[PDB]
file structure_17.json (JSON, C-alpha atoms and all ligand atoms)
[["chain", "number", "residue", "atom", "x", "y", "z"],
["D", 1, "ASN", "CA", 8.49, -4.40, -4.65],
["D", 2, "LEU", "CA", 7.93, -3.97, -0.91],
["D", 3, "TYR", "CA", 10.89, -1.57, -0.65],
["D", 4, "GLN", "CA", 9.93, 0.51, -3.72],
["D", 5, "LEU", "CA", 6.45, 0.74, -2.21],
["D", 6, "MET", "CA", 8.06, 2.25, 0.88],
["D", 7, "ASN", "CA", 9.48, 5.01, -1.29],
["D", 8, "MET", "CA", 6.23, 5.78, -3.05],
["D", 9, "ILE", "CA", 4.83, 6.31, 0.41],
["D", 10, "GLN", "CA", 7.90, 8.43, 1.19],
["D", 11, "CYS", "CA", 7.62, 10.33, -2.13],
["D", 12, "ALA", "CA", 3.95, 11.28, -1.60],
["D", 13, "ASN", "CA", 3.39, 12.05, 2.09],
["D", 14, "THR", "CA", 4.78, 13.58, 5.29],
["D", 17, "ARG", "CA", 4.03, 10.53, 7.41],
["D", 18, "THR", "CA", 6.88, 8.07, 7.80],
["D", 19, "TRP", "CA", 7.04, 4.28, 7.24],
["D", 20, "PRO", "CA", 6.37, 2.76, 10.75],
["D", 21, "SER", "CA", 3.45, 5.14, 10.58],
["D", 22, "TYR", "CA", 1.72, 2.57, 8.40],
["D", 23, "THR", "CA", 3.44, -0.67, 9.37],
["D", 24, "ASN", "CA", 0.64, -1.42, 11.82],
["D", 25, "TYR", "CA", -2.39, 0.88, 11.76],
["D", 26, "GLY", "CA", -6.08, 0.05, 11.87],
["D", 27, "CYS", "CA", -7.36, -3.38, 10.79],
["D", 28, "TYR", "CA", -5.68, -3.72, 7.38],
["D", 29, "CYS", "CA", -2.54, -1.61, 7.21],
["D", 30, "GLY", "CA", 0.14, -4.23, 7.73],
["D", 31, "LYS", "CA", 0.40, -7.93, 6.84],
["D", 32, "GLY", "CA", -3.01, -9.47, 6.12],
["D", 33, "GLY", "CA", -6.27, -7.99, 7.32],
["D", 34, "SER", "CA", -9.28, -8.84, 9.44],
["D", 35, "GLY", "CA", -12.60, -7.29, 10.38],
["D", 36, "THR", "CA", -14.04, -4.20, 8.72],
["D", 37, "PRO", "CA", -11.76, -1.28, 7.74],
["D", 38, "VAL", "CA", -11.61, 1.40, 10.48],
["D", 39, "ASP", "CA", -11.47, 4.72, 8.64],
["D", 40, "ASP", "CA", -10.51, 5.67, 5.13],
["D", 41, "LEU", "CA", -6.80, 5.23, 5.62],
["D", 42, "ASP", "CA", -7.46, 1.65, 6.64],
["D", 43, "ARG", "CA", -9.68, 1.45, 3.53],
["D", 44, "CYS", "CA", -6.59, 2.36, 1.56],
["D", 45, "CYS", "CA", -4.89, -0.67, 3.05],
["D", 46, "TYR", "CA", -7.91, -2.89, 2.39],
["D", 47, "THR", "CA", -7.90, -2.13, -1.32],
["D", 48, "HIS", "CA", -4.12, -2.33, -1.59],
["D", 49, "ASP", "CA", -4.41, -5.83, -0.18],
["D", 50, "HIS", "CA", -7.03, -6.87, -2.71],
["D", 51, "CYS", "CA", -4.98, -5.31, -5.48],
["D", 52, "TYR", "CA", -2.13, -7.60, -4.41],
["D", 53, "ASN", "CA", -4.38, -10.65, -4.45],
["D", 54, "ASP", "CA", -5.43, -9.93, -8.04],
["D", 55, "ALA", "CA", -1.83, -9.30, -9.04],
["D", 56, "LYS", "CA", -1.06, -12.81, -7.92],
["D", 57, "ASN", "CA", -3.36, -13.90, -10.78],
["D", 58, "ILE", "CA", -0.65, -13.08, -13.26],
["D", 59, "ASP", "CA", 1.81, -15.83, -14.12],
["D", 60, "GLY", "CA", 5.05, -15.52, -12.16],
["D", 61, "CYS", "CA", 3.71, -12.52, -10.31],
["D", 62, "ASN", "CA", 4.62, -11.88, -6.68],
["D", 63, "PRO", "CA", 3.68, -8.28, -5.87],
["D", 64, "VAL", "CA", 5.72, -8.50, -2.69],
["D", 65, "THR", "CA", 8.99, -9.11, -4.52],
["D", 66, "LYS", "CA", 8.36, -7.95, -8.09],
["D", 67, "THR", "CA", 10.59, -5.10, -9.17],
["D", 68, "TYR", "CA", 9.06, -2.54, -11.51],
["D", 69, "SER", "CA", 10.17, 0.71, -13.16],
["D", 70, "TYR", "CA", 8.77, 3.85, -11.56],
["D", 71, "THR", "CA", 9.72, 7.49, -11.17],
["D", 72, "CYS", "CA", 9.39, 9.97, -8.34],
["D", 73, "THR", "CA", 9.42, 13.75, -8.26],
["D", 74, "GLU", "CA", 8.11, 14.77, -4.84],
["D", 75, "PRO", "CA", 5.19, 14.17, -4.61],
["D", 76, "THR", "CA", 4.31, 13.01, -8.10],
["D", 77, "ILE", "CA", 5.09, 9.37, -8.96],
["D", 78, "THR", "CA", 4.92, 7.56, -12.31],
["D", 79, "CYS", "CA", 4.84, 3.93, -13.54],
["D", 80, "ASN", "CA", 6.98, 3.40, -16.63],
["D", 81, "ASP", "CA", 6.10, -0.29, -17.14],
["D", 82, "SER", "CA", 4.39, -1.13, -20.41],
["D", 83, "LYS", "CA", 5.45, -4.57, -21.64],
["D", 84, "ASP", "CA", 5.54, -6.37, -18.27],
["D", 85, "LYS", "CA", 1.89, -6.87, -17.19],
["D", 86, "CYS", "CA", 2.88, -7.84, -13.67],
["D", 87, "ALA", "CA", 5.30, -4.96, -13.17],
["D", 88, "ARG", "CA", 2.61, -2.49, -14.18],
["D", 89, "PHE", "CA", -0.34, -4.01, -12.29],
["D", 90, "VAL", "CA", 1.79, -4.04, -9.12],
["D", 91, "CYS", "CA", 3.20, -0.54, -9.62],
["D", 92, "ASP", "CA", -0.29, 0.90, -10.01],
["D", 93, "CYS", "CA", -1.28, -1.10, -6.93],
["D", 94, "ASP", "CA", 1.48, 0.57, -4.92],
["D", 95, "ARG", "CA", 1.03, 3.95, -6.58],
["D", 96, "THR", "CA", -2.67, 4.08, -5.83],
["D", 97, "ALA", "CA", -1.92, 3.20, -2.22],
["D", 98, "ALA", "CA", 0.72, 5.96, -1.67],
["D", 99, "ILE", "CA", -1.62, 8.54, -3.10],
["D", 100, "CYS", "CA", -4.53, 7.12, -1.07],
["D", 101, "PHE", "CA", -2.43, 7.43, 2.06],
["D", 102, "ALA", "CA", -1.35, 11.01, 1.50],
["D", 103, "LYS", "CA", -5.00, 11.91, 1.01],
["D", 104, "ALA", "CA", -6.44, 10.22, 4.10],
["D", 105, "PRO", "CA", -6.38, 11.69, 7.63],
["D", 106, "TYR", "CA", -4.26, 10.01, 10.28],
["D", 107, "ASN", "CA", -6.13, 9.11, 13.44],
["D", 108, "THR", "CA", -3.75, 8.33, 16.25],
["D", 109, "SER", "CA", -6.25, 6.20, 18.15],
["D", 110, "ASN", "CA", -6.33, 3.61, 15.39],
["D", 111, "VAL", "CA", -2.58, 3.10, 15.56],
["D", 112, "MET", "CA", -2.81, -0.34, 17.17],
["D", 113, "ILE", "CA", -6.39, -1.61, 17.47],
["D", 114, "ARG", "CA", -5.24, -4.88, 15.85],
["D", 115, "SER", "CA", -6.37, -8.14, 17.45],
["D", 116, "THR", "CA", -7.96, -5.84, 19.97],
["D", 117, "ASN", "CA", -11.52, -6.95, 19.02],
["D", 118, "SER", "CA", -12.88, -4.56, 16.42],
["D", 119, "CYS", "CA", -11.18, -6.52, 13.60],
["D", 120, "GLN", "CA", -13.16, -9.75, 14.09],
["D", 201, "LIG", "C1", 10.46, -1.90, 7.91],
["D", 201, "LIG", "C2", 9.36, -2.15, 6.89],
["D", 201, "LIG", "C3", 9.11, -3.61, 6.49],
["D", 201, "LIG", "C4", 7.79, -4.21, 7.05],
["D", 201, "LIG", "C5", 7.22, -5.58, 6.62],
["D", 201, "LIG", "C6", 6.03, -5.93, 7.57],
["D", 201, "LIG", "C7", 4.49, -6.21, 7.35],
["D", 201, "LIG", "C8", 3.34, -5.37, 6.69],
["D", 201, "LIG", "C9", 4.01, -4.35, 5.81],
["D", 201, "LIG", "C10", 3.44, -3.23, 4.90],
["D", 201, "LIG", "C11", 1.97, -2.84, 4.69],
["D", 201, "LIG", "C12", 1.80, -1.41, 4.11],
["D", 201, "LIG", "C13", 0.34, -0.95, 3.92],
["D", 201, "LIG", "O1", -0.43, -0.98, 5.12],
["D", 201, "LIG", "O2", -0.30, -1.80, 2.96],
["D", 202, "NA", "NA", -3.26, -6.27, 5.11]]

call {"tool": "encode", "arguments": {"input": "structure_17.json", "output": "structure tokens"}}
result
Amino acid sequence: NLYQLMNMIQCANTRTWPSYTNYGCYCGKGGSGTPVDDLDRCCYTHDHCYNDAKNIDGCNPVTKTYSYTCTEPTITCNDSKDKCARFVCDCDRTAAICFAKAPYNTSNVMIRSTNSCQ
């Protein structure tokens, strides 16, 4: 779920939401070019995770609601029986964690369509 994903990001980092809404070549809707740094690489993978998720019947990562738990900054996926809920939760979980780990370069904030993401 796009909103739950927001919270995993909230639950695992210091950096706010708009902080990722549009950063580098892949953080944000769709992606082009080659990832910029490793934070953008987090977004690249997330993306791909979402594409694979779509390979599950009736599975829309973007709107699927799963069961997860947060205890700043640890987050857990409680889905077992719903294959889509779990695949998507791990997708989002892995991203949040990936984000908290990566450095935040302020010069990559809006290089979109600017030519490096061909
Ligand atoms: C206010 C938040 C809603 C934004 C919806 C806009 C488009 C791209 C959104 C999220 C991408 C997060 C990460 O870079 O994968
Ligand atoms: Na993207």

call {"tool": "residues_around", "arguments": {"input": "structure_17.json", "residues": "segment 25-36 of chain D", "least_positions_apart": "4", "cutoff": "7 Å", "atoms": "only C-alpha atoms", "output": "compact mmCIF listing (two decimals) with C-alpha atoms, in the frame of the given file"}}
result
# COMPACT_ATOMS: atom_id res chain seq x y z
CA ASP D 42 -7.46 1.65 6.64
CA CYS D 45 -4.89 -0.67 3.05
CA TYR D 46 -7.91 -2.89 2.39
CA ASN D 110 -6.33 3.61 15.39
CA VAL D 111 -2.58 3.10 15.56
CA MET D 112 -2.81 -0.34 17.17
CA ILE D 113 -6.39 -1.61 17.47
CA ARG D 114 -5.24 -4.88 15.85
CA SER D 118 -12.88 -4.56 16.42
CA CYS D 119 -11.18 -6.52 13.60
CA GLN D 120 -13.16 -9.75 14.09

call {"tool": "atom_distance", "arguments": {"input": "structure_17.json", "atom1": "atom CA of residue 84 of chain D", "atom2": "atom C1 of ligand LIG 201 (chain D)"}}
result
27.0 Å

call {"tool": "residues_around", "arguments": {"input": "structure_17.json", "residues": "residue 76 of chain D", "least_positions_apart": "2", "cutoff": "9 Å", "atoms": "only C-alpha atoms", "output": "list in words"}}
result
residues 11, 12, 71, 72, 73, 74, 78 and 99 of chain D

call {"tool": "write_last_selection", "arguments": {"input": "structure_17.json", "atoms": "C-alpha atoms", "output": "short mmCIF file (atom, residue, chain, number, x, y, z; two decimals), in the coordinates of the input"}}
result
data_model
loop_
_atom_site.label_atom_id
_atom_site.label_comp_id
_atom_site.auth_asym_id
_atom_site.auth_seq_id
_atom_site.Cartn_x
_atom_site.Cartn_y
_atom_site.Cartn_z
CA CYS D 11 7.62 10.33 -2.13
CA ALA D 12 3.95 11.28 -1.60
CA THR D 71 9.72 7.49 -11.17
CA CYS D 72 9.39 9.97 -8.34
CA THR D 73 9.42 13.75 -8.26
CA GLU D 74 8.11 14.77 -4.84
CA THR D 78 4.92 7.56 -12.31
CA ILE D 99 -1.62 8.54 -3.10
#

call {"tool": "closest_atom_pairs", "arguments": {"input": "structure_17.json", "of": "chain D", "to": "ligand LIG 201 (chain D)", "cutoff": "12 Å", "atoms": "all atoms listed in the file", "output": "CSV"}}
result
residue,atom,partner,partner_atom,distance
D:1,CA,D:LIG201,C10,10.9
D:2,CA,D:LIG201,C10,7.4
D:3,CA,D:LIG201,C3,7.6
D:4,CA,D:LIG201,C2,11.0
D:5,CA,D:LIG201,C12,8.1
D:6,CA,D:LIG201,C2,7.6
D:7,CA,D:LIG201,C2,10.9
D:8,CA,D:LIG201,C12,11.1
D:9,CA,D:LIG201,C12,9.1
D:10,CA,D:LIG201,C12,11.9
D:18,CA,D:LIG201,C2,10.6
D:19,CA,D:LIG201,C2,6.8
D:20,CA,D:LIG201,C1,6.8
D:21,CA,D:LIG201,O1,9.1
D:22,CA,D:LIG201,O1,5.3
D:23,CA,D:LIG201,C10,5.2
D:24,CA,D:LIG201,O1,6.8
D:25,CA,D:LIG201,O1,7.2
D:26,CA,D:LIG201,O1,8.9
D:27,CA,D:LIG201,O1,9.3
D:28,CA,D:LIG201,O1,6.3
D:29,CA,D:LIG201,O1,3.0
D:30,CA,D:LIG201,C8,3.6
D:31,CA,D:LIG201,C8,3.9
D:32,CA,D:LIG201,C8,7.6
D:33,CA,D:LIG201,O1,9.4
D:37,CA,D:LIG201,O1,11.6
D:41,CA,D:LIG201,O1,8.9
D:42,CA,D:LIG201,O1,7.7
D:43,CA,D:LIG201,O1,9.7
D:44,CA,D:LIG201,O2,7.7
D:45,CA,D:LIG201,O2,4.7
D:46,CA,D:LIG201,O2,7.7
D:47,CA,D:LIG201,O2,8.7
D:48,CA,D:LIG201,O2,6.0
D:49,CA,D:LIG201,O2,6.6
D:50,CA,D:LIG201,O2,10.2
D:51,CA,D:LIG201,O2,10.3
D:52,CA,D:LIG201,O2,9.6
D:63,CA,D:LIG201,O2,11.7
D:64,CA,D:LIG201,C10,9.5
D:65,CA,D:LIG201,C5,11.8
D:93,CA,D:LIG201,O2,10.0
D:94,CA,D:LIG201,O2,8.4
D:95,CA,D:LIG201,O2,11.2
D:96,CA,D:LIG201,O2,10.8
D:97,CA,D:LIG201,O2,7.4
D:98,CA,D:LIG201,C13,8.9
D:99,CA,D:LIG201,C13,12.0
D:100,CA,D:LIG201,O2,10.7
D:101,CA,D:LIG201,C13,9.0
D:111,CA,D:LIG201,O1,11.4

call {"tool": "atom_distance", "arguments": {"input": "structure_17.json", "atom1": "atom CA of residue 54 of chain D", "atom2": "atom CA of residue 81 of chain D"}}
result
17.6 Å

call {"tool": "atom_distance", "arguments": {"input": "structure_17.json", "atom1": "atom CA of residue 56 of chain D", "atom2": "atom NA of ligand NA 202 (chain D)"}}
result
14.7 Å

call {"tool": "closest_residue", "arguments": {"input": "structure_17.json", "among": "D:53, D:67, D:89, D:75", "to": "residue 103 of chain D", "atoms": "all atoms listed in the file"}}
result
D:75

call {"tool": "closest_residue", "arguments": {"input": "structure_17.json", "among": "D:58, D:104, D:117, D:82", "to": "residue 13 of chain D", "atoms": "only C-alpha atoms"}}
result
D:104

call {"tool": "build_atoms", "arguments": {"input": "structure_17.json", "residues": "segment 23-54 of chain D", "atoms": "N, CA and C atoms", "output": "tab-separated table (two decimals), keeping the file's coordinate frame"}}
result
chain	number	residue	atom	x	y	z
D	23	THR	N	3.12	0.72	9.10
D	23	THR	CA	3.44	-0.67	9.37
D	23	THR	C	2.35	-1.43	10.12
D	24	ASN	N	1.71	-0.77	11.07
D	24	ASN	CA	0.64	-1.42	11.82
D	24	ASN	C	-0.35	-0.36	12.29
D	25	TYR	N	-1.37	-0.12	11.46
D	25	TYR	CA	-2.39	0.88	11.76
D	25	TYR	C	-3.73	0.31	11.36
D	26	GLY	N	-4.75	0.56	12.17
D	26	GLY	CA	-6.08	0.05	11.87
D	26	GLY	C	-6.17	-1.46	11.77
D	27	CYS	N	-7.13	-1.95	10.99
D	27	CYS	CA	-7.36	-3.38	10.79
D	27	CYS	C	-6.70	-4.01	9.56
D	28	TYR	N	-6.29	-3.19	8.59
D	28	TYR	CA	-5.68	-3.72	7.38
D	28	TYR	C	-4.28	-3.23	7.03
D	29	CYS	N	-3.87	-2.07	7.53
D	29	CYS	CA	-2.54	-1.61	7.21
D	29	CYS	C	-1.58	-2.54	7.93
D	30	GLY	N	-0.79	-3.27	7.16
D	30	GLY	CA	0.14	-4.23	7.73
D	30	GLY	C	-0.08	-5.54	7.01
D	31	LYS	N	0.56	-6.62	7.47
D	31	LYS	CA	0.40	-7.93	6.84
D	31	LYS	C	-1.01	-8.51	7.07
D	32	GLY	N	-1.68	-8.90	5.99
D	32	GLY	CA	-3.01	-9.47	6.12
D	32	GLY	C	-3.98	-8.54	6.80
D	33	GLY	N	-5.27	-8.85	6.71
D	33	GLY	CA	-6.27	-7.99	7.32
D	33	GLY	C	-7.50	-8.73	7.79
D	34	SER	N	-8.09	-8.23	8.86
D	34	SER	CA	-9.28	-8.84	9.44
D	34	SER	C	-10.29	-7.80	9.89
D	35	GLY	N	-11.55	-8.20	9.94
D	35	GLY	CA	-12.60	-7.29	10.38
D	35	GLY	C	-13.01	-6.33	9.29
D	36	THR	N	-13.62	-5.22	9.68
D	36	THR	CA	-14.04	-4.20	8.72
D	36	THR	C	-13.10	-3.01	8.86
D	37	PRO	N	-12.66	-2.44	7.72
D	37	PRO	CA	-11.76	-1.28	7.74
D	37	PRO	C	-12.23	-0.25	8.78
D	38	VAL	N	-11.29	0.42	9.44
D	38	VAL	CA	-11.61	1.40	10.48
D	38	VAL	C	-12.05	2.79	10.01
D	39	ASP	N	-11.21	3.41	9.19
D	39	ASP	CA	-11.47	4.72	8.64
D	39	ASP	C	-11.12	4.62	7.17
D	40	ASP	N	-10.80	5.74	6.54
D	40	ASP	CA	-10.51	5.67	5.13
D	40	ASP	C	-9.06	5.37	4.82
D	41	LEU	N	-8.20	5.55	5.82
D	41	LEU	CA	-6.80	5.23	5.62
D	41	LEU	C	-6.71	3.71	5.64
D	42	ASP	N	-7.46	3.10	6.54
D	42	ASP	CA	-7.46	1.65	6.64
D	42	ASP	C	-8.09	1.10	5.36
D	43	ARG	N	-9.01	1.86	4.77
D	43	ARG	CA	-9.68	1.45	3.53
D	43	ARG	C	-8.64	1.45	2.42
D	44	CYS	N	-7.64	2.31	2.56
D	44	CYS	CA	-6.59	2.36	1.56
D	44	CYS	C	-5.85	1.03	1.62
D	45	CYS	N	-5.60	0.57	2.84
D	45	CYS	CA	-4.89	-0.67	3.05
D	45	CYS	C	-5.71	-1.87	2.61
D	46	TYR	N	-7.02	-1.80	2.79
D	46	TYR	CA	-7.91	-2.89	2.39
D	46	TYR	C	-7.76	-3.12	0.89
D	47	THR	N	-7.99	-2.07	0.13
D	47	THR	CA	-7.90	-2.13	-1.32
D	47	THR	C	-6.52	-2.57	-1.78
D	48	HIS	N	-5.48	-1.97	-1.21
D	48	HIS	CA	-4.12	-2.33	-1.59
D	48	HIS	C	-4.03	-3.85	-1.54
D	49	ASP	N	-4.41	-4.40	-0.40
D	49	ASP	CA	-4.41	-5.83	-0.18
D	49	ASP	C	-5.02	-6.56	-1.36
D	50	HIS	N	-6.28	-6.26	-1.62
D	50	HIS	CA	-7.03	-6.87	-2.71
D	50	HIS	C	-6.36	-6.72	-4.05
D	51	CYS	N	-5.70	-5.58	-4.25
D	51	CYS	CA	-4.98	-5.31	-5.48
D	51	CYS	C	-3.89	-6.39	-5.58
D	52	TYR	N	-3.20	-6.61	-4.47
D	52	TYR	CA	-2.13	-7.60	-4.41
D	52	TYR	C	-2.64	-9.01	-4.66
D	53	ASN	N	-3.85	-9.31	-4.21
D	53	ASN	CA	-4.38	-10.65	-4.45
D	53	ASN	C	-4.60	-10.84	-5.95
D	54	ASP	N	-5.18	-9.85	-6.60
D	54	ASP	CA	-5.43	-9.93	-8.04
D	54	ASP	C	-4.13	-10.05	-8.81
